[PDB]
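One chain follows as structure tokens, the form deposited in one PDB entry.
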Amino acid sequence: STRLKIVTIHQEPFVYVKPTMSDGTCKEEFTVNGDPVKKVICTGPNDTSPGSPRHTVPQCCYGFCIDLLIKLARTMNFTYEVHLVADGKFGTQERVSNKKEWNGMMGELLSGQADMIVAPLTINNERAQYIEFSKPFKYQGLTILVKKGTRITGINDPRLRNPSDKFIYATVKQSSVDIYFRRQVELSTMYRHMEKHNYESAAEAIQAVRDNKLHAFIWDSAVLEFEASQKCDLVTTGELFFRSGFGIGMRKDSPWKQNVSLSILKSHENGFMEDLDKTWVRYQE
């Protein structure tokens, strides 16, 4: 038949992206349990600045989502080729004109550029209207990342709910979190503040928090708790204020969707998902 086109996105610890070695292969490294890290060649743009051409280079990808992809491919017996989403975004539906268009991985999947999204992709109503999600491979939610020392109670802190330019907070553009804030009228005051400061990627937002250019970053707890466990100048605050899950994304008429979901459930049940958590997500503190 054909290899499956897998689209993913840079998002540690789910997807790490590193340059290939000179010979074009990926450097062999080992997990914190001493096992070899499984890496795959993933092509992606090497210019990621907005408004710029996106000619791609082979790169190296590994992490929670890559281990999951490998498990899926072996389980259900398909071959694949991985690429990084060209615009660097997860995917929202935006007004164009009276048209609406999907960007990011959502757009690539719907257009046939990808056959499956394997990433920390949040399951929500908006996306589920257009694509099929698997049962969640990861249960998590949203929290807030700040600089150590910064004191805010959480999502109900007056510095968020009654904002000014003295305390800047944000999320990632064209992400499920951007959608969550735009969707809910009760959050519109926060949404209007954030739309002036949203970042192109989680990594840049996290760095901006470290650099005291961003006072609070609202994002996926599975990612923020990992960053906090690794960078001791960063902390999460308020615990989860909303719960969400990540799922494998496929078109509504994929032949793979039943067995992907069954494999996900099997992996939760037999401890495989737990092993991935120990390997990639929770091993530091």
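All residue numbers are counted from 1 along the displayed sequence. If you superpose the two forms and keep the largest set of C-alpha atoms that fall within 1.5 Å, you have the rigid core.
Another form exists, deposited in another entry; not displayed. Remarks below refer to it.
With a cut-off of 2 Å and the rigid core superposed, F133 has a Cα displacement that falls short of the cut-off between this form and the one not shown. Shown in the overlay between this form and the one not shown, fitted on the rigid core, is a CA shift at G245 smaller than 2 Å. Between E81 and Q174, the Cα spacing is larger in the other form than in the shown form, differing by no less than 3 Å.
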